[PDB]
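Engineer: Below is the sequence, then the experimental coordinates.
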Amino acid sequence: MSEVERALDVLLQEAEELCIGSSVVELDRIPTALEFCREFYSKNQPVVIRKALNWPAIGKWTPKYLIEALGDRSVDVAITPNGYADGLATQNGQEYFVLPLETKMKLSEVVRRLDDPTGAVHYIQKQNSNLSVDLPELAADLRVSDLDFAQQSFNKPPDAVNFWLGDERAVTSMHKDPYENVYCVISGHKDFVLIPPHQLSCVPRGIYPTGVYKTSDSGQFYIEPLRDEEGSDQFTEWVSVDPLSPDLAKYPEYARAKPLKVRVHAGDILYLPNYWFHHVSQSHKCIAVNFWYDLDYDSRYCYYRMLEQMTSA
Amino acid sequence: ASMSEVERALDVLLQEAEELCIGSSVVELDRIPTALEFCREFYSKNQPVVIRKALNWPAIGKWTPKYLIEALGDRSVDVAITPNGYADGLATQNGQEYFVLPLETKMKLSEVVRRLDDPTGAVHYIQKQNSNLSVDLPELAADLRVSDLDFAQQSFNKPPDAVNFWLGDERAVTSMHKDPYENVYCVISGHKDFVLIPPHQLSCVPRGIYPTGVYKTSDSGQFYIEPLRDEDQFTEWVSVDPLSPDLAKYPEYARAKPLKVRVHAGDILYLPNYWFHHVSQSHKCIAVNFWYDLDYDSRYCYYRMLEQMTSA
Ligand SMILES: O=C(O)CCC(=O)C(=O)O
Ligand SMILES: O=C(O)CCC(=O)C(=O)O
Ligand SMILES: [Mg+2]
Ligand SMILES: [Mn+2]
Ligand SMILES: [Mn+2]
C-alpha cells in the first residue's frame, strides 16, 4: 500500500480503537455549560437531548395554526420533481448537482401543495436565517435563552436561525457545513444519518456540473445548467453515495464508514458539530428550527484540509 | 514527483495552519479565567496560555533552600547529575551521538544545595518527575493550595496523574520533547524560559533515532556514557537545538514558528498535550507542575497519522 493509504489506515484504526465519533450521545437533561463545552464542543461530538424544550411552539405550531397566524405571509419555498433539493440527478446522460426551483408563495398555498401527494415536492428550506427574515413573529413562541448551555461554548449569537417545514418526500442529501448546528424539532420527527469528518476517506465525493430545476411552458420539470458569463459550466463538489442504499460495488471504501442514525422528536435538541456529514429525512409536514454558529478554527480544520488533499483525484 | 504525495499533504497542512496562525502565540492573561473560559478558549483549542501573578501560595516566598532543608528533615532526595547540563539529551562519545539519561543518585538536600553552589562541579537537578512531590515530598503540599487550579482541572475532569517538584542549576537544560499530558506548570521561585512548538509543526522539527546511554562516573569521578542494553537500545529524539538552530543541516526547521515565554514566580503556564517544549531556568529555580492524562479526541488521531507520515 501507498504511503498515503498507510497514513489513512492509521487514522481510521486509531479512531475506531478510541471510539472517536462512534455514537450519538443521549442525554435526558440539559447539561451545564461547562459539561457541554468539555464533553461535546471540545470533542466535536454530537449529542441529542431528549425532551429538552417545552417552548410554546411545541404543541401549538400546526399547519392550521401557521395558516391562521401567518397564512398570508409570502415565504420562499423550494420545489423539486424528485424530492432532492441540493442533490444529484441525471438529464440526457449527465449527472448534475441540482439546486431547487425557488419561488415565493403564500404559506397557505405551500400547505395546500404539501397536502397534494401527486404534485411536485415542496419544502420551506431556505436557511439564510429565514425565521428572523420572513417569520419573525414566530420568535415569540421560542425561548432561545434555553440554548445558553450550548451558546456559551460558541460565545457568539447565532449567525442564522432557520425555519423548516417540508414534505416527507423531501430528503436532504449528505453534506457538511462549516457551522455549529443546534437543531430543535417542533413537530414530527427528523431522521439523521451522520458521518464524522475523520472518515472523509470513506465518503466518495465527485465534481459535478451545477444546474437548477425549471419548468417548461407545458409544466415539465427540467435541469438548466448554470454557466459563467464566458459560457463555461459551473461545478460543485458533492458526496456521491446514497447512505440509505449504498452501492458498495461502486464505492467499496464506504464499507469502512460507520454512519450513525439518530431520530430527533419534538422537543429534542440535536447538536450537530461543525464539518460532520449529515443526510436528513423527515416525517410529513415536520416543523423544525435550527441555529447556526460560525466555527472557531483550530488545528482540526487544518488536518481536515490535509485529508481532503490526501483523498483528492 | 517534484514532491511526494505525503509531502504535498504536509505542505497543505502547514499552509492552512500558517494562514490561520494556529498556535502562533501564547495568550497572556492577568486574571485567572473561569472554568468555562478555560475550557472554551484554551483546552478545546489545544492552546497555551500564561497567567501572570495568578498564585499567592505561601510557598512563593517561603521556599528557600534553608526552608526546604528544615521542612524535609534534610531527607535524602533523588538527584539527577550530568556533566553537560543535558539530562535526557544528546551527547557525543567516541564519534557516536547518544541520547543520554542522567546519573541518578540520592543525597541529603544539604549536599545538593552545596553542589548547586559549585560552578566548577557537575550539573545537579532535582527533577524526578513520576509524581515526586506527592509521593516523595508530601510535607510541601501544606504550602500550596491545589484547588486554585480548579479553573483548569474542571476541563480535564480528573485528578492529576502526577505532581512534580523541580529544583535545578541554571546550567540544567531540558532538551526539546513532547508529553502525552495536559500540563499546568507553576513557578515558585525564579523563572523558567520555554521554547514551544505546536504539534501540527511536527514535520518541521527534525527527529533522529539514537542509541540510548546513561551517564556514569569513572574511577576518578569523571563522567562517561555507558550504552544501554536489553538483550542495542534506541530512542527517537528531537535533533535540533532551538537556542541556536543549524538551518543548513535542518532547513525544514526554518518553517517552524517557535514561541518564547518566560514564566515568573506566581505565574501559571498551561502547556497543552503534545506541544514540543524546551526549558531553561534561573539558578536554583523551583517549580511544581501537574500532569493530567489526555482525553482522546479526533485531534489526537490526526496527530498519530501525522507521526506516521513524518516517521523519521
Ligand atoms: O432539515 C433538513 O432537511 C436539513 C438540515 C440541515 O442540513 C442543517 O441543519 O444544516
Ligand atoms: O522544568 C523543566 O526543566 C522541564 C519541565 C517539563 O518538561 C514538564 O513539565 O513537562
Ligand atoms: Mg514572556
Ligand atoms: Mn446542513
Ligand atoms: Mn515535559
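Structural biologist: The structure has been received and is ready for your questions. Residues are numbered from 1 along each chain as shown, chains lettered A, B, ... in the order given. Ligands and ions are numbered 1, 2, ... in the order given.
Engineer: Please count neighbours and contacts with C-alpha atoms only from this point.
Structural biologist: OK.
Engineer: Give the other helices and strands that the helix or strand hosting residue A:194 contacts.
Structural biologist: For residue A:194, the host element (DSSP states H and E) is strand A:189-195. Here strand A:189-195 touches strand A:260-265, strand A:277-282, going by 3 or more C-alpha pairs under 8 Å, 6 or more residues apart in numbering or on different chains; DSSP states H and E.
Engineer: Would you mind finding the most buried of the ones you listed?
Structural biologist: Ranked by mean neighbour count, these are led by strand A:277-282 with a mean of 21 (mean count of other C-alpha atoms under 10 Å in any protein chain shown).
Engineer: Contacts for that strand, please.
Structural biologist: With contacts defined as C-alpha atoms under 8 Å, 6 or more residues apart in numbering or on different chains, strand A:277-282 is touched by A:166-168, A:170-177, A:188-197, A:243.
Engineer: Repeat that for stretch A:207-225.
Structural biologist: Here stretch A:207-225 makes contact (C-alpha under 8 Å, 6+ apart) with A:80-81, A:91, A:95-101, A:226, A:233-238.
Engineer: one step back: how far off strand A:277-282 does the strand holding residue A:194 point, in degrees?
Structural biologist: Calculated by axes from the mean of the first three to the mean of the last three C-alpha atoms, to 10 degrees, strand A:189-195 forms an angle of 160 degrees with strand A:277-282.
Engineer: Measure how far strand A:189-195 is from the centre of its chain, please.
Structural biologist: Centroid separation for strand A:189-195 versus its chain: 9 Å, with C-alpha atoms, centre = their mean, to the nearest Å.
Engineer: now the helices and strands packed on strand A:189-195 in a markdown table, with distance to residue A:298?
Structural biologist: Formatted as a markdown table, the helices and strands packed on strand A:189-195 follow (distance: least, C-alpha to C-alpha, whole Å):
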| stretch | distance to residue A:298 |
| --- | --- |
| strand A:260-265 | 25 |
| strand A:277-282 | 19 |
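Engineer: Tell me who's in contact with the closest residue to ligand 2 within chain A.
Structural biologist: Using C-alpha to the nearest ligand atom, the closest approach of chain A to ligand 2 is made by residue A:299 at 21.8 Å. Residues near residue A:299 by C-alpha under 8 Å, 6+ apart: B:17, B:22, B:45, B:200, B:299.
Engineer: could you redo the last one with a cut-off of 7 Å?
Structural biologist: Each residue near residue A:299 by C-alpha atoms under 7 Å, 6 or more residues apart in numbering or on different chains is listed here: B:17, B:22.
Engineer: Over to residue A:163?
Structural biologist: Counting by C-alpha under 7 Å, 6+ apart, residue A:163 makes contact with A:130, A:131, A:288, A:289, A:290.
Engineer: between those residues, which has the most around it?
Structural biologist: residue A:288 (24 neighbours; other C-alpha atoms under 10 Å in any protein chain shown).
Engineer: That one reaches residue A:185, doesn't it?
Structural biologist: Yes. Applying C-alpha atoms under 7 Å as the test, residue A:288 and residue A:185 come out as touching, 4.2 Å apart.
Engineer: Return the subset of the contacts of stretch A:207-225 lying in strands.
Structural biologist: Members of those lying in strands (criterion: DSSP state E): A:80, A:91, A:95, A:96, A:97, A:98, A:99, A:101, A:235, A:236, A:237, A:238.
Engineer: Dig out what the second one forms beta bridges with.
Structural biologist: The partner list for residue A:91 in beta bridges (DSSP bridges) reads residue A:94.
Engineer: Could you double-check that residue A:28 sits in contact with residue A:49?
Structural biologist: Yes. Contact between residue A:28 and residue A:49 holds when scored by C-alpha under 7 Å: they sit 5.8 Å apart.
Engineer: and the two? which has more neighbours close in?
Structural biologist: Neighbour tally, residue A:28 and residue A:49, criterion other C-alpha under 10 Å: the higher count belongs to residue A:49, 20 against 11.
Engineer: Surely residue A:143 is in contact with residue A:55?
Structural biologist: Yes. The pair formed by residue A:143 and residue A:55 meets the contact definition of C-alpha under 7 Å, at 6.5 Å.
Engineer: More neighbours: these two, which one.
Structural biologist: Each of residue A:143 and residue A:55 has its neighbours counted (other C-alpha under 10 Å); residue A:55 has more, 16 against 13.
Engineer: quick one: secondary structure of that one?
Structural biologist: coil (DSSP: H, G, I helix; E, B strand; the rest coil).
Engineer: which residues touch the closest residue to residue A:261 other than its chain neighbours?
Structural biologist: Nearest residue to residue A:261 in three dimensions, chain neighbours excluded: residue A:193, at 4.7 Å (C-alpha to C-alpha, 6 or more residues apart in numbering or on different chains). Neighbouring residues of residue A:193 by C-alpha under 7 Å, 6+ apart: A:259, A:260, A:261, A:262, A:278, A:279, A:280.
Engineer: run the last query once more with 10 Å
Structural biologist: Residue A:193 sits next to A:173-174, A:243-244, A:258-263, A:277-281 when contact means C-alpha atoms under 10 Å, 6 or more residues apart in numbering or on different chains.
Engineer: So of the residues you listed, which two are at opposite extremes in space?
Structural biologist: Farthest-apart pair in those is A:258 and A:281; separation 18.4 Å (C-alpha to C-alpha).
Engineer: Can you report phi and psi for the residue of chain A found nearest ligand 3?
Structural biologist: At 23.1 Å from ligand 3, residue A:298 is the closest residue in chain A, using C-alpha to the ion. Phi and psi for residue A:298, reported as degrees, to the nearest 10, are phi -150, psi -170.
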